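Shown next as structure tokens: one chain only, the form deposited in one PDB entry.
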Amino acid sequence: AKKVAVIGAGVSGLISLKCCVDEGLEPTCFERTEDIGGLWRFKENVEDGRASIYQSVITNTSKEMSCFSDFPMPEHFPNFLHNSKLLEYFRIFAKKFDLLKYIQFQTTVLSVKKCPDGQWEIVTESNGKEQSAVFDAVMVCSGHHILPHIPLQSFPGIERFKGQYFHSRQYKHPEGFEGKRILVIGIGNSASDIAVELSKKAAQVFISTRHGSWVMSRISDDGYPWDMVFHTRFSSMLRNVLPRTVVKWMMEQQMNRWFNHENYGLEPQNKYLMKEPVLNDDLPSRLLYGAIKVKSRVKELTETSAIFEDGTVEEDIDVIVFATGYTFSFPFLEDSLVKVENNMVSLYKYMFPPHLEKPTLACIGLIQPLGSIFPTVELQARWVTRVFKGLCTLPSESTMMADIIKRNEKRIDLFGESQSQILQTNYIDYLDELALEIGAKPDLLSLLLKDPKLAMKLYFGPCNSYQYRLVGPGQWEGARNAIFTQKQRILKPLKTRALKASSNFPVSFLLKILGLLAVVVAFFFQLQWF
């Protein structure tokens, strides 16, 4: 299988495109829009078929935790990115790896039909007249933050409500909602970012939840990004092995350092969970300021008031904004292919339909991991390109149907029953899973003997995308290197001002003690017991 299809030029489209040329395939990318990036290409209107983002979105993952395994973000980039500055990375990636030539822009995909199976018959439309073609295999990168989910039916009285109401998707700018009374629904990173942005210049903002989330800043230990302290092999172990509610005590304490969540009033119901927490740096302060007040779930709505689950009422609310998240569909696809039933997506590892017979089609970017997606869809694409070729193989339908069950059953146990968590997954464990398949996952134990400086820094240090190019196929020398020098690149854009003292004999601080102090303790009651 050489002639391959990639639906959409999202992030996922661009990485598969590269993973393809890398496994020596010939890809054709269809893009509905004029340009690349999908979600991350901010436009002011809300054009259909592509996800809207509000002008002021910043990423919630470090640059050295979210760059591709063999392509670090330039040193002069900040560790969290304005959507526009991220797009740039993408553009700069599509330049370096010459991926832009396969993109057919303004060429939406209308149907992907099976041939007499191992190929596919894809109907696309260009500017008016619609052509047709056949492909050996298909990669689907159409996104899943496009269909707004607006659960109006669990807001009795909405009909009666005057004012103005609209879903997060629609949101772009705050100018216009000056000094208005505004209620936002949900504790989506959307809800939070929105509420906050609007709250600075608004009369009052509220924010509804039944369940309440845990808030958390991207600022972490010594102002290093949260993800490079949170996502580290070693810590993952702890989360997995340690008893569930011993990890709960651990979460509670970690999360509460910033502020007491009970007091600020977004204590979660079941702290049991390990759902995705919200990554706003402003929300706690903005509550403190009083610009936002959290609130129980809207019980009922009237013309200009809102009743609440705890029997409170807020009056003269000019605006409701439903940041109740999104859904996803495949309207160019067999209705049996992407079977999604009772909160469960039947896809082998959110990728392959198990009821296929030739493993020639997979869904990339239909997943929401606790860490960055970009390195996730890269290993998604590595595993897939290699399956198509046949260098990699699925088990039997029997096996794949059994995994899909047990994965989902674990998942709901770990992230709750919400319609917002169909695609939740622990970050590393998954990344490992994908790299086992293609045998690109380092086996540290063995490596400890060869290279201990790595072994330590791979397990205890931050689990970069880079790690997955140490062993296995299609490697990158600047992977060992990248890892060892990431501290430079993280501080390049920050540490923009120099004192200039010394570190050979400075009377500042003290240090060295911690070294010598323990060194002597080493040599204690260890006299030769043969």
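Residue numbers here begin at 1 and follow the sequence given. Rigid core: the largest C-alpha set superposing within 1.5 Å between the two forms.
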Subject >> Residues of the deposited sequence left unbuilt between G118 and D117 >> reply: 4 to 9
**OP:** Mind pulling up the entry and telling me whether 466-474 or 31-39 has the higher mean Cα temperature factor?
**Re:** 31-39
**OP:** Quick one: say whether 214-222 or 137-145 has the higher mean Cα B-factor in the deposited entry.
**Re:** 137-145
**OP:** Using the temperature factors in the entry, find which of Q380, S398, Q254, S235 has the highest value at its Cα atom.
**Re:** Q254
Subject >> Highest-ranked of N280, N260, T124, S84 once sorted by CA temperature factor in the record >> reply: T124
Original post:
Lowest, middle or highest third of the chain for the C-alpha temperature factor of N79?
Top reply: lowest
**OP:** Taking the values exactly as deposited, rank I158 by C-alpha B-factor within its chain and report the matching third: lowest, middle or highest.
**Re:** highest
**OP:** Would you check the entry's CA temperature factor for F68 and let me know if it's in the chain's lowest, middle or highest third?
**Re:** lowest
**OP:** Rank-wise, by C-alpha B-factor, drop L517 into the lowest, middle or highest third of its chain.
**Re:** highest
**OP:** Would you check the entry's CA temperature factor for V11 and let me know if it's in the chain's lowest, middle or highest third?
**Re:** middle
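Heads up, the form deposited in another entry isn't pictured, but that's what we're talking about next.
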**OP:** Indicate whether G24 shows a C-alpha shift of 2 Å or more between this form and the one not shown, with the rigid core used for the fit.
**Re:** no
